[PDB]
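One chain comes next, on its own, written out as structure tokens in the form deposited in one PDB entry.
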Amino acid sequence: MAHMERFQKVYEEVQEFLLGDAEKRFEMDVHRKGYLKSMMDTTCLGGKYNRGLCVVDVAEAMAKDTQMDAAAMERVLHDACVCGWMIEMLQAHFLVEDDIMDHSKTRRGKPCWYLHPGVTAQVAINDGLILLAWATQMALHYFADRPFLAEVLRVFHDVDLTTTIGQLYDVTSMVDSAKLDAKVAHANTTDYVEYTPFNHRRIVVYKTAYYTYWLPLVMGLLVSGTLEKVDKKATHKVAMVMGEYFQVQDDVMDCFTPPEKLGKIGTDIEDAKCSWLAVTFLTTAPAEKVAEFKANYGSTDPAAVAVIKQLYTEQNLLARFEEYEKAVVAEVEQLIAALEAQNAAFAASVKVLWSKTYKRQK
């Protein structure tokens, strides 16, 4: 990938800075520095880098479209990589905390961070907070004299909030919302009345689309000084459509992609998650199959899980996804065509992001 080499070089630079700043400011010892390096590498590396690389792709596209000398181009590219790593570290933060919340086993082909024997959830919760803090530290340091510092902080923290609210929707989606009460425990739903297209869309848009699609695009624009050269409303809309689709893919793969290929072991079925599969099944399946689903969903029993996967196969959920996907490509291409009519350089960078998204296998 065009910017992969540059992006990994900036990782090493940012890591050296962050760990060195801790030695300088917080009397960091050699052993905990080593721990923190291992934590950063394990939690921030090993993914696809779709988010981080997008920032760099967008920034370059927009910078090429402007007039600027070699030194200015180098600055935009370096700043873009730093911004990319801010988002990768925000991702790292979310996944550390998510893996604890989901009581998960594997992430990116390795044991989850909290599941490392020398860590535990008791330490990893705070390791996640360190990751989040580091992301802002990168902006404060590298962008100390840049005009876009304030706007970078604003959009980053807005998206942080947005994602935590999406996560709220996610973690509270298996209990009937009328029953949600801090003082009283409640069993998970038995009737699944709230497992609706609207409720699934609300979960995925806020928990995924903002930080995975909207944030990288906007940061690319901010570091290149071109945010005002694009249609804000249109950019948001295409980010939501692609981001919803990206999470739908994630939902589908939880059931249908081998964990060894995926690098993670999803338990959506065991945890009675309001996934795209669950919602699509419940709203399309015949009455007796809906009943059987309800009898078997949200159980850790392997036979119950196997019944759900077979019911999904019988209801042709993979084919139904392909129909959804066809509808999504149609909309995305239209939205991109509209963006292209306004700013062809930006629209090209949206195409690049979409191309890494469409029909992905992990």
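By rigid core we mean the largest C-alpha set that fits within 1.5 Å across both forms. Sequential numbering from 1, following the sequence displayed.
Quick note: we don't show the form deposited in another entry, though the next part is all about it.
- No residue in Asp176, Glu270, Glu151, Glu292 other than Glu270 shows a CA shift of 2 angstroms or more between this form and the one not shown after fitting the rigid core.
- Once the rigid core is used as the reference frame, the Cα position of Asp191 differs between this form and the one not shown by 2 Å or more.
- Superposition of the core reveals a Cα shift of less than 2 Å for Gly34 between this form and the one not shown.
- In summary, the C-alpha positions of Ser173 and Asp191 converge in the other form, ending up at least 3 angstroms nearer each other than in this conformation.
- Inter-residue distance, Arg202 to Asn188 (Cα): increased by at least 3 Å in the other form versus the depicted form.
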